[PDB]
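Residue numbers (PDB author numbering), protein chains in the order written: chain BR, 2 to 97; chain BX, 2 to 155. All residues carry an ideal CB built from backbone N, CA and C; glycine is no exception. Read the structure below first, then the notes.
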RNA sequence: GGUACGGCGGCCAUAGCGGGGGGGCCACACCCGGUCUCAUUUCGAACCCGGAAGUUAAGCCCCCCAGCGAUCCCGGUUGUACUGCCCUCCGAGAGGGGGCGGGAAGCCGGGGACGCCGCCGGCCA
RNA sequence: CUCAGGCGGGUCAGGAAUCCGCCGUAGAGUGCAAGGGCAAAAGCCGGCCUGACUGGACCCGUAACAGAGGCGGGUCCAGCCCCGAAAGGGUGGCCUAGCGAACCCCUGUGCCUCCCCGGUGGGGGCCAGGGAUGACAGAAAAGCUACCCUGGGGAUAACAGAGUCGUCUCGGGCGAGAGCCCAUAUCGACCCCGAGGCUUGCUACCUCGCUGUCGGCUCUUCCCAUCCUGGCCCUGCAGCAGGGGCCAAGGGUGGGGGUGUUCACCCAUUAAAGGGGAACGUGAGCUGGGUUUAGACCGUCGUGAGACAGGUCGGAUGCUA
RNA sequence: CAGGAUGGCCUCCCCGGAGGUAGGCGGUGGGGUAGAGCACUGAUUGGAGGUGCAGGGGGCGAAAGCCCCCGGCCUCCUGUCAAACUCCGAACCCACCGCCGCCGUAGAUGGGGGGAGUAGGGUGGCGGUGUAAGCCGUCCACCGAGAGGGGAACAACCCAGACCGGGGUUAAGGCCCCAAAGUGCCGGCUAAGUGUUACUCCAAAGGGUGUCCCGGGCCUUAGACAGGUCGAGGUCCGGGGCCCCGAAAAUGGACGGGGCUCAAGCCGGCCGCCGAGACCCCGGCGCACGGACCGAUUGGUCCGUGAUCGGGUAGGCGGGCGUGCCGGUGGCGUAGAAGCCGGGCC
RNA sequence: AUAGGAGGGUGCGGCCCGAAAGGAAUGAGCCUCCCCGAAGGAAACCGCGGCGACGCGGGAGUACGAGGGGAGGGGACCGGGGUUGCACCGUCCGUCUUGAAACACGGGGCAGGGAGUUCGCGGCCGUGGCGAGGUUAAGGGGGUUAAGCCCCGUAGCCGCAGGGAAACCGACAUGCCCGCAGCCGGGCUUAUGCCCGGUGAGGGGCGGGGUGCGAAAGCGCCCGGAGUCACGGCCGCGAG
């Protein structure tokens, strides 16, 4: 039986959280900032349901191309085409 | 050091990754030899393509003989003593010795192509082309024994 | 610059839980009383207001431990289980094996671990 | 403010009513499936309110890569507002389901417009909400054909072949148990390992511009897992006989009753009256009793046409090698 | 649902100018499969200890109640599990960076335009299902659309990817004859024609003082076993190689065949030779790209580079051959046109 | 008339034909001699290693080697063709199909005939004319044996201004930044060539403007001049 893709389709372990990590995260990730042209990983935080990108892109590295409101604009390369995402910084991580 | 790499297996039943690795190594056909460096990148390429090639360390004398016999210029012209002396001021033996010791690279002979198209070995390979040289075949790392194969293939 | 002083924080258990000893310059507490501010779906129990008669018993602060929990290193099991590539290598079969490249989990033994950092003030100087 | 569950105490009060302490990482709840997330909360109790709003921009998913009407979601600007001391939050439910084109019609609201011009009744147009297509990217929709016809298909069933052997026939391993004692004279529970392709089944590989069905008659040939005939071994083999096994395929394996029957049943003989393969051997050899067209009767089912792996009567067999 | 449309995959032309990434090394991040384990959820054999807990059997009752088996719940010990479990967890894969390597100014990556064909796939490994065959996906390796050399023939297996004429050496594999090359060499095993099978395309459980070996325990060279007398190794156990039994089919017949026994079989190795269109060399043709010359329209000559050009189905593009008629140009023919049979040359 | 394969392929040998158009007495098959020689490549003989098959060093990169040249002798065939012999290889042709020699379909032989044509509309390209303009249709005049040839014919069509359902309104003849080719200056460089700096048509990014929706912000479309006509070709839709 074919099943169409939904937001939380086959994310039982991907969006799960460690038992010792329960609760809200530390505020550093919430309050972090990035600059245009920076490269950032996408690590979704399950406990924060706003500004969440599609779990399809969880674990990918993108480029910051601006910031509207509180969310950052991340440009990513899916296959060969370009996709723009709006992600809250809590879901993002700097690339060292 | 400098490593000599010879392609053993043919162009059929080879998957795209290994095919591209060999193409970038410039081993497009069988019985073709190249000389490369001993850097980790090249070692990784050899590890990736280890099932269709053999390789080892090449002596200065064997390198000189290989250059003199199978070395070809642009246009498939022979490498002559006059040309080598004119463009470097040294004999082929000294050129090979310096190349092996690392003073300079083969690329410093103008209009020299990187591929040597060797001849099939005299008496053939002493092992099947389906097993590694360690087991008794003809593939994989060969060590300093690749000089004997180079001599049997000129 | 000293201080068994506090406030705001970072990593968020190698920091926790549970035990033993010690202290009150200042400071933090317990503690005393509910006119006013504030509140009990009753209760000054909590929250709020007004203070210092008393106490270091508790919180708090300093030192110690390996009982539970967590987690770091070393040795054994062990290059074991598993696995990427090639194979005219062995098997009736299931499945194994050679070469090159990676490599656990748990358990046993010995150490570690009763937190480490940032900013600014109080008291003394 | 902190839950479920538990321990100890307390008048009625008991396992369970309401209460007082201790433990308690969530073992509770969060409207509903499951997963994920939630502890000074997203849970329980209260105060105020209606951001479940208006005008718009961009982006992701359905539909990766890689095209999309419709739809869902995310990030924001402005307007008017709600809570709060403030920060901050609010474009429904903590996230993922609960729904739908064209044409036409109804409602709201301000505008444009109707053939030379102007007023009136009415109509047409733009924007927003609504009425549905579950076959859910959206026809308005019941059957028989055995009187059937056409174009195709071995892309696809029935007979036959091929693969497989669940099933079927046959064989083996251990030996509980039965055999007066004695597992193995004979039987061999439970369990386990195999052969054949002689029953049935499964697959859909060849054959639908045709490879003519079952049974019977005629005729030829082959296998042994041997029914009789030849030769032997063990015995719970006194003889006459029986039970089990081995070697052996030269020869034999017949005649009749009902039924189309293969088969099975029965009769009188017999040394015995064995089982099977050959396109389930053999229709350019035969017969045509059954199956399987077109006619007709009965039972049952259907409103009806009509149907029945339900019965019954009749129903064609081409040939110059 | 034997059919279409939008995409993916092929081909031809153009613009636009300086980068791109199939492979590798290191780094920054993501993951929960294999394996493993019981810390959550749910299972699972027995033993010990503690609990009236609204079990149930009984003894034990005017009622209040206790005395034991048994059921449940908790802790520990013991023996086992999970596709819809996880306190842990690889190989490996993915995104991004820096570098090596390769491609690109003879113009890549990328963008616009014209034309398609393709909507039945198969074999091979992996995953779910099924007794199996098979069905359905996944991997892109081979056939489809692929020559040549082999496995006896074979779609898929091995070598190998192919313009033409020559010379040589190797590949798969092979060397007793068919059949090119050894009745080749060293140590050992099999007595069954077992075998003479890389795979397509090869029967097991159980058993064997049949043989060749390797370990371990008891005795242990006039002292052991068979029959207190002999008088040298005996008696057991677990293993390894080959072979044997278990082993029955239908036209006469299959190691491809003959046949082969210190093999012409098998185990561990070695030494020569034979063998492709593959690889090397010589001469020739075409194609792609760049360059120089001449011809009054698409054309011609020559030079340079090619290990990184030369198979091909659907399909795309370029050039050329041939036929009837027309406008021009230059001609042939009764001293023999067209047509027809045989032959020479390009 | 003792021999097996889809009737053929490669190589040559018998028998036969060979005037012309192919070579050739200005000399064929053939015989003899000399030189160079790619990839490749021996052996005799001698010394040594291995139990052995055998191998190593000298001989030697020698003899030989595809092919490339020269000289002498002889004097008429070589190339080509018909049939057949031998060695090895080879299971016909078209077709659907995953798979054809197929026990899948179409295939006795020969000769002639036989299947992407025409119009209308739209999208592209190859070339040519004119160019902010392009082009004529119906038709008219001249000339002519004639329907050819010459001239006129502005109706119409498309382009020049876009936005909006409509009413209706109504824009850059360049204000900046990068920058390929090209040009200019300099350096390296025998020359082509390479690097740097400036300017840079075309191309790209901003800024500004018109209109629709909007309270506005802000968005969609459009704006700094290239179109039109013709011949040929590919495809799309409708006609058989």
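Proximity below 8 Å, CB of residue i to CB of residue j
i, j, result
"residue 34 of chain BX", "residue 119 of chain BX", "yes"
"residue 38 of chain BR", "residue 64 of chain BR", "yes"
"residue 54 of chain BX", "residue 130 of chain BX", "no"
"residue 140 of chain BX", "residue 51 of chain BX", "yes"
Burial state of residue i (16 or more Cβ within 10 Å)
i, result
"residue 46 of chain BR", "buried"
"residue 54 of chain BR", "buried"
"residue 44 of chain BR", "exposed"
"residue 143 of chain BX", "buried"
Which of helix, strand or coil DSSP assigns to residue i
i, result
"residue 45 of chain BR", "coil"
"residue 153 of chain BX", "helix"
"residue 100 of chain BR", "With chain BR represented from 2 up to 97, any question about residue 100 of chain BR goes unanswered, as that position is not in the structure."
"residue 62 of chain BX", "helix"
"residue 38 of chain BX", "strand"
"residue 79 of chain BR", "strand"
"residue 79 of chain BX", "strand"
Integer Cβ distance of residue i from residue j, believed to fall under 8 Å
i, j, result
"residue 31 of chain BX", "residue 11 of chain BX", "6 Å"
"residue 110 of chain BX", "residue 78 of chain BX", "Actually they do not touch by this definition, with Cβ atoms about 12 Å apart."
"residue 39 of chain BX", "residue 67 of chain BX", "Actually they are not in contact, since the Cβ atoms of residue 39 of chain BX and residue 67 of chain BX sit about 18 Å apart, beyond 8 Å."
"residue 67 of chain BR", "residue 74 of chain BR", "4 Å"
Residue i Cβ short of 7 Å to the ligand FMN heavy atom set
i, result
"residue 144 of chain BX", "Of the ligands one can find in the structure shown there are none, so the ligand FMN has no counterpart to examine."
Own chain residues within Cβ distance below 6 Å of residue i, not counting five before or after
i, result
"residue 89 of chain BR", "52 and 72"
Nonlocal neighbours in the same chain, by C-beta distance under 7 Å from residue i, ignoring five residues either side
i, result
"residue 152 of chain BX", "63"
"residue 137 of chain BX", "128"
"residue 33 of chain BR", "90"
Contacting residues, own chain, Cβ-Cβ under 8 Å from residue i (five flanking each side not counted)
i, result
"residue 99 of chain BX", "91 and 105"
"residue 43 of chain BX", "4 and 37"
"residue 21 of chain BX", "none"
"residue 48 of chain BR", "18, 24, 25 and 26"
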